[PDB]
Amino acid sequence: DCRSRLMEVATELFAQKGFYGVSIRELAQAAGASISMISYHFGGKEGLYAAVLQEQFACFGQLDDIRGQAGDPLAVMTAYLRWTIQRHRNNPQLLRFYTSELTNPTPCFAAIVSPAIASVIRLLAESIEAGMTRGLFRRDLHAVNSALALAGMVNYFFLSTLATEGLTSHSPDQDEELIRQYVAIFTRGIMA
């Protein structure tokens, strides 16, 4: 059971202060574990951080709701948006770790974060590439940059929440309408 309480405490301290702001003394104190339990049995600060980040990014190795729509690029893009919104609703901590690693990487960035993000961007880009070949999508746009644009739309909506509280709804009630809006912008733009 002190394994579970350590995972909780590690997630909340590393989420707050990042890997570079947390000490093993703080982890032990917050969990009521000894520095020795932590170092010898739970992999130290580093082992706990790796375990926490692996849990944060676990869902990125499970892309079948998106991959399963291949053959219909619009359905792929829609599934990607729905999946991404779900991820954020289920895990309020994720953008803390995701942005902290992208802007102040640890050794876990190359091991866990970078391949997770790249796998998703690739998947989207492949679908865009297929749509371009088919003539559904315009051939003067670059598939990866286009994928990054879609990913940016949805991820910035959640990232900017605290600064935009009175400017738009962030209620989960409106998530399906957000998907409708971002699918429309990405595929058809804002032009009349």
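Start at 1 with the first residue shown and count on from there.
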Per the entry, higher mean C-alpha B factor between 62 to 70 and 124 to 132: 62 to 70
Comparing mean C-alpha B factor in the record for 1 to 9 and 183 to 191, the higher one is 1 to 9
Based on what the PDB entry reports, which of 163, 143, 33, 153 has the top C-alpha B-factor? 33
From 38, 147, 53, 159, which pick has the Cα B-factor that tops the rest in the entry? 53
Per the entry's values, where does residue 114 land by CA temperature factor relative to the rest of its chain, in the lowest, middle or highest third? middle
Can you tell me whether residue 103 has a C-alpha B-factor in the lowest, middle or highest third compared with the other modelled residues of the same chain? lowest
